[PDB]
file model_10.cif (mmCIF, C-alpha atoms; chains and numbers go by the auth columns)
data_start
loop_
_atom_site.group_PDB
_atom_site.id
_atom_site.type_symbol
_atom_site.label_atom_id
_atom_site.label_comp_id
_atom_site.label_asym_id
_atom_site.label_seq_id
_atom_site.Cartn_x
_atom_site.Cartn_y
_atom_site.Cartn_z
_atom_site.B_iso_or_equiv
_atom_site.auth_seq_id
_atom_site.auth_asym_id
ATOM 1 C CA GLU A 1 -14.094 12.768 13.902 0.00 1 A
ATOM 2 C CA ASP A 2 -10.926 11.636 12.084 0.00 2 A
ATOM 3 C CA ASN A 3 -9.659 8.401 13.680 0.00 3 A
ATOM 4 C CA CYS A 4 -7.731 5.925 11.496 0.00 4 A
ATOM 5 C CA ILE A 5 -9.091 3.035 9.396 0.00 5 A
ATOM 6 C CA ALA A 6 -7.496 0.068 11.203 0.00 6 A
ATOM 7 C CA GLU A 7 -10.235 -2.312 9.998 0.00 7 A
ATOM 8 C CA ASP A 8 -9.813 -4.984 7.298 0.00 8 A
ATOM 9 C CA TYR A 9 -10.947 -3.471 3.976 0.00 9 A
ATOM 10 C CA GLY A 10 -12.162 -0.554 6.124 0.00 10 A
ATOM 11 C CA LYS A 11 -13.766 1.926 3.700 0.00 11 A
ATOM 12 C CA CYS A 12 -11.348 4.867 3.362 0.00 12 A
ATOM 13 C CA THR A 13 -11.549 8.245 1.594 0.00 13 A
ATOM 14 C CA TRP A 14 -8.548 9.736 -0.246 0.00 14 A
ATOM 15 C CA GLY A 15 -8.452 12.956 1.809 0.00 15 A
ATOM 16 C CA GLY A 16 -7.591 12.177 5.450 0.00 16 A
ATOM 17 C CA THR A 17 -8.966 8.974 7.022 0.00 17 A
ATOM 18 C CA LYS A 18 -5.916 6.835 6.164 0.00 18 A
ATOM 19 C CA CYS A 19 -5.330 3.213 7.219 0.00 19 A
ATOM 20 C CA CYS A 20 -3.665 3.005 10.654 0.00 20 A
ATOM 21 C CA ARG A 21 -1.095 0.599 9.186 0.00 21 A
ATOM 22 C CA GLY A 22 -0.358 3.092 6.378 0.00 22 A
ATOM 23 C CA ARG A 23 -1.749 0.973 3.518 0.00 23 A
ATOM 24 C CA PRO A 24 -2.345 1.852 -0.142 0.00 24 A
ATOM 25 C CA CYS A 25 -6.085 2.600 -0.404 0.00 25 A
ATOM 26 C CA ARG A 26 -7.847 2.354 -3.785 0.00 26 A
ATOM 27 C CA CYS A 27 -11.286 3.113 -5.267 0.00 27 A
ATOM 28 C CA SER A 28 -13.293 2.608 -8.479 0.00 28 A
ATOM 29 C CA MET A 29 -13.529 4.926 -11.508 0.00 29 A
ATOM 30 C CA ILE A 30 -16.201 7.011 -9.744 0.00 30 A
ATOM 31 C CA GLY A 31 -14.079 8.823 -7.130 0.00 31 A
ATOM 32 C CA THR A 32 -15.996 7.320 -4.186 0.00 32 A
ATOM 33 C CA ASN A 33 -16.216 4.045 -2.227 0.00 33 A
ATOM 34 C CA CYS A 34 -12.636 3.047 -1.328 0.00 34 A
ATOM 35 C CA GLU A 35 -11.366 -0.021 0.565 0.00 35 A
ATOM 36 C CA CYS A 36 -8.083 -0.397 2.485 0.00 36 A
ATOM 37 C CA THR A 37 -6.169 -3.360 1.006 0.00 37 A
ATOM 38 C CA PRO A 38 -3.939 -5.284 3.432 0.00 38 A
ATOM 39 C CA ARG A 39 -0.328 -5.682 2.238 0.00 39 A
ATOM 40 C CA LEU A 40 2.108 -6.711 4.998 0.00 40 A
ATOM 41 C CA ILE A 41 1.202 -9.550 7.387 0.00 41 A
ATOM 42 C CA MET A 42 3.997 -11.229 9.383 0.00 42 A
ATOM 43 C CA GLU A 43 6.422 -13.897 8.112 0.00 43 A
ATOM 44 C CA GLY A 44 6.461 -17.531 9.294 0.00 44 A
ATOM 45 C CA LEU A 45 3.228 -18.836 10.859 0.00 45 A
ATOM 46 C CA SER A 46 0.905 -18.109 13.807 0.00 46 A
ATOM 47 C CA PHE A 47 1.357 -19.192 17.444 0.00 47 A
ATOM 48 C CA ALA A 48 2.260 -22.794 18.351 0.00 48 A
#
call {"tool": "encode", "arguments": {"input": "model_10.cif", "output": "structure tokens"}}
result
Amino acid sequence: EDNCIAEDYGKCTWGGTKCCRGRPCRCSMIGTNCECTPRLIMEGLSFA
């Protein structure tokens, strides 16, 4: 009933449901419909 939004672009709601990775959420000029924007990622490359 209040988990965290750990999904890519997971729809959030300025009020409680915050991104699990603590990310800056934003919305439009209506006050509804928000999307978590990724802003971290690791440095270097992937496996191999």
call {"tool": "atom_distance", "arguments": {"input": "model_10.cif", "atom1": "CA of residue 28 (chain A)", "atom2": "CA of residue 1 (chain A)"}}
result
24.6 Å
call {"tool": "resolve_selection", "arguments": {"input": "model_10.cif", "expression": "the PyMOL selection byres ((chain A and resi 34) around 6)", "output": "PDB file with C-alpha atoms, in the coordinates of the input"}}
result
ATOM      1  CA  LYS A  11     -13.766   1.926   3.700  1.00  0.00           C
ATOM      2  CA  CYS A  12     -11.348   4.867   3.362  1.00  0.00           C
ATOM      3  CA  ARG A  26      -7.847   2.354  -3.785  1.00  0.00           C
ATOM      4  CA  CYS A  27     -11.286   3.113  -5.267  1.00  0.00           C
ATOM      5  CA  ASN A  33     -16.216   4.045  -2.227  1.00  0.00           C
ATOM      6  CA  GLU A  35     -11.366  -0.021   0.565  1.00  0.00           C
TER       7      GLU A  35
END
call {"tool": "atom_distance", "arguments": {"input": "model_10.cif", "atom1": "CA of residue 9 (chain A)", "atom2": "CA of residue 44 (chain A)"}}
result
23.0 Å
call {"tool": "atom_distance", "arguments": {"input": "model_10.cif", "atom1": "CA of residue 16 (chain A)", "atom2": "CA of residue 2 (chain A)"}}
result
7.4 Å
call {"tool": "resolve_selection", "arguments": {"input": "model_10.cif", "expression": "the PyMOL selection byres ((chain A and resi 24) around 12)", "output": "ChimeraX atom specification"}}
result
/A:5,9-10,12-14,18-23,25-27,34-40
call {"tool": "axis_aligned_box", "arguments": {"input": "model_10.cif", "around": "region 4-12 of chain A", "padding_each_side": "6 Å", "output": "lines of an AutoDock Vina configuration file"}}
result
center_x = -10.6
center_y = 0.5
center_z = 7.4
size_x = 18.3
size_y = 22.9
size_z = 20.1
call {"tool": "build_atoms", "arguments": {"input": "model_10.cif", "residues": "region 4-29 of chain A", "atoms": "N, CA, C and O atoms", "output": "mmCIF file, keeping the file's coordinate frame"}}
result
data_model
loop_
_atom_site.group_PDB
_atom_site.id
_atom_site.type_symbol
_atom_site.label_atom_id
_atom_site.label_comp_id
_atom_site.auth_asym_id
_atom_site.auth_seq_id
_atom_site.Cartn_x
_atom_site.Cartn_y
_atom_site.Cartn_z
ATOM 1 N N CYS A 4 -8.422 6.590 12.637
ATOM 2 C CA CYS A 4 -7.731 5.925 11.496
ATOM 3 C C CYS A 4 -8.514 4.676 11.083
ATOM 4 O O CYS A 4 -9.250 4.107 11.864
ATOM 5 N N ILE A 5 -8.358 4.246 9.862
ATOM 6 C CA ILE A 5 -9.091 3.035 9.396
ATOM 7 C C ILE A 5 -8.246 1.790 9.673
ATOM 8 O O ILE A 5 -7.551 1.295 8.808
ATOM 9 N N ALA A 6 -8.299 1.280 10.874
ATOM 10 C CA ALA A 6 -7.496 0.068 11.203
ATOM 11 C C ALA A 6 -8.365 -1.183 11.042
ATOM 12 O O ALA A 6 -8.139 -2.192 11.680
ATOM 13 N N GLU A 7 -9.356 -1.124 10.196
ATOM 14 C CA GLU A 7 -10.235 -2.312 9.998
ATOM 15 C C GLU A 7 -9.882 -2.990 8.673
ATOM 16 O O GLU A 7 -9.386 -2.367 7.758
ATOM 17 N N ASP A 8 -10.135 -4.267 8.564
ATOM 18 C CA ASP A 8 -9.813 -4.984 7.298
ATOM 19 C C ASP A 8 -10.710 -4.458 6.175
ATOM 20 O O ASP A 8 -11.920 -4.469 6.278
ATOM 21 N N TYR A 9 -10.126 -3.998 5.103
ATOM 22 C CA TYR A 9 -10.947 -3.471 3.976
ATOM 23 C C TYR A 9 -11.750 -2.261 4.455
ATOM 24 O O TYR A 9 -12.662 -1.807 3.793
ATOM 25 N N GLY A 10 -11.418 -1.735 5.602
ATOM 26 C CA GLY A 10 -12.162 -0.554 6.124
ATOM 27 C C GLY A 10 -12.332 0.478 5.006
ATOM 28 O O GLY A 10 -11.381 0.869 4.360
ATOM 29 N N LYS A 11 -13.538 0.920 4.775
ATOM 30 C CA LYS A 11 -13.766 1.926 3.700
ATOM 31 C C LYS A 11 -12.972 3.195 4.015
ATOM 32 O O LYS A 11 -13.107 3.773 5.075
ATOM 33 N N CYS A 12 -12.145 3.635 3.105
ATOM 34 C CA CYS A 12 -11.348 4.867 3.362
ATOM 35 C C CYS A 12 -11.811 5.986 2.429
ATOM 36 O O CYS A 12 -12.751 5.833 1.675
ATOM 37 N N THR A 13 -11.154 7.111 2.475
ATOM 38 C CA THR A 13 -11.549 8.245 1.594
ATOM 39 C C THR A 13 -10.318 9.097 1.283
ATOM 40 O O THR A 13 -9.882 9.892 2.091
ATOM 41 N N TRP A 14 -9.751 8.936 0.117
ATOM 42 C CA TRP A 14 -8.548 9.736 -0.246
ATOM 43 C C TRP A 14 -8.755 11.191 0.181
ATOM 44 O O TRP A 14 -9.337 11.980 -0.536
ATOM 45 N N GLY A 15 -8.281 11.552 1.342
ATOM 46 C CA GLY A 15 -8.452 12.956 1.809
ATOM 47 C C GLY A 15 -7.906 13.092 3.232
ATOM 48 O O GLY A 15 -7.310 14.091 3.584
ATOM 49 N N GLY A 16 -8.102 12.097 4.053
ATOM 50 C CA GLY A 16 -7.591 12.177 5.450
ATOM 51 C C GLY A 16 -7.654 10.795 6.104
ATOM 52 O O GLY A 16 -6.644 10.170 6.353
ATOM 53 N N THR A 17 -8.835 10.314 6.384
ATOM 54 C CA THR A 17 -8.966 8.974 7.022
ATOM 55 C C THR A 17 -8.051 7.970 6.317
ATOM 56 O O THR A 17 -8.426 7.354 5.339
ATOM 57 N N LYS A 18 -6.852 7.800 6.806
ATOM 58 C CA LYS A 18 -5.916 6.835 6.164
ATOM 59 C C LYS A 18 -5.849 5.568 7.018
ATOM 60 O O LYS A 18 -6.177 5.576 8.187
ATOM 61 N N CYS A 19 -5.418 4.482 6.442
ATOM 62 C CA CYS A 19 -5.330 3.213 7.219
ATOM 63 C C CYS A 19 -4.320 3.392 8.354
ATOM 64 O O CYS A 19 -3.286 4.004 8.184
ATOM 65 N N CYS A 20 -4.611 2.864 9.511
ATOM 66 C CA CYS A 20 -3.665 3.005 10.654
ATOM 67 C C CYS A 20 -2.327 2.355 10.299
ATOM 68 O O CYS A 20 -1.276 2.825 10.687
ATOM 69 N N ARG A 21 -2.357 1.278 9.565
ATOM 70 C CA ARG A 21 -1.095 0.599 9.186
ATOM 71 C C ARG A 21 -0.530 1.217 7.903
ATOM 72 O O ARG A 21 0.217 0.588 7.180
ATOM 73 N N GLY A 22 -0.878 2.442 7.613
ATOM 74 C CA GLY A 22 -0.358 3.092 6.378
ATOM 75 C C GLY A 22 -0.440 2.106 5.211
ATOM 76 O O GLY A 22 0.547 1.518 4.813
ATOM 77 N N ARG A 23 -1.607 1.921 4.659
ATOM 78 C CA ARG A 23 -1.749 0.973 3.518
ATOM 79 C C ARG A 23 -2.294 1.716 2.294
ATOM 80 O O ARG A 23 -3.032 2.673 2.429
ATOM 81 N N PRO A 24 -1.910 1.251 1.132
ATOM 82 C CA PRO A 24 -2.345 1.852 -0.142
ATOM 83 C C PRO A 24 -3.853 1.669 -0.336
ATOM 84 O O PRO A 24 -4.327 0.579 -0.586
ATOM 85 N N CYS A 25 -4.612 2.725 -0.223
ATOM 86 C CA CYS A 25 -6.085 2.600 -0.404
ATOM 87 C C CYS A 25 -6.423 2.802 -1.882
ATOM 88 O O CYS A 25 -5.736 3.508 -2.594
ATOM 89 N N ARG A 26 -7.476 2.192 -2.352
ATOM 90 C CA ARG A 26 -7.847 2.354 -3.785
ATOM 91 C C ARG A 26 -9.360 2.534 -3.912
ATOM 92 O O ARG A 26 -10.103 2.326 -2.973
ATOM 93 N N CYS A 27 -9.821 2.918 -5.070
ATOM 94 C CA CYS A 27 -11.286 3.113 -5.267
ATOM 95 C C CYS A 27 -11.658 2.720 -6.697
ATOM 96 O O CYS A 27 -10.850 2.193 -7.435
ATOM 97 N N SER A 28 -12.876 2.970 -7.096
ATOM 98 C CA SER A 28 -13.293 2.608 -8.479
ATOM 99 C C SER A 28 -13.094 3.812 -9.402
ATOM 100 O O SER A 28 -12.411 4.758 -9.065
ATOM 101 N N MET A 29 -13.684 3.783 -10.565
ATOM 102 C CA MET A 29 -13.529 4.926 -11.508
ATOM 103 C C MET A 29 -14.651 5.938 -11.264
ATOM 104 O O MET A 29 -15.096 6.616 -12.169
#
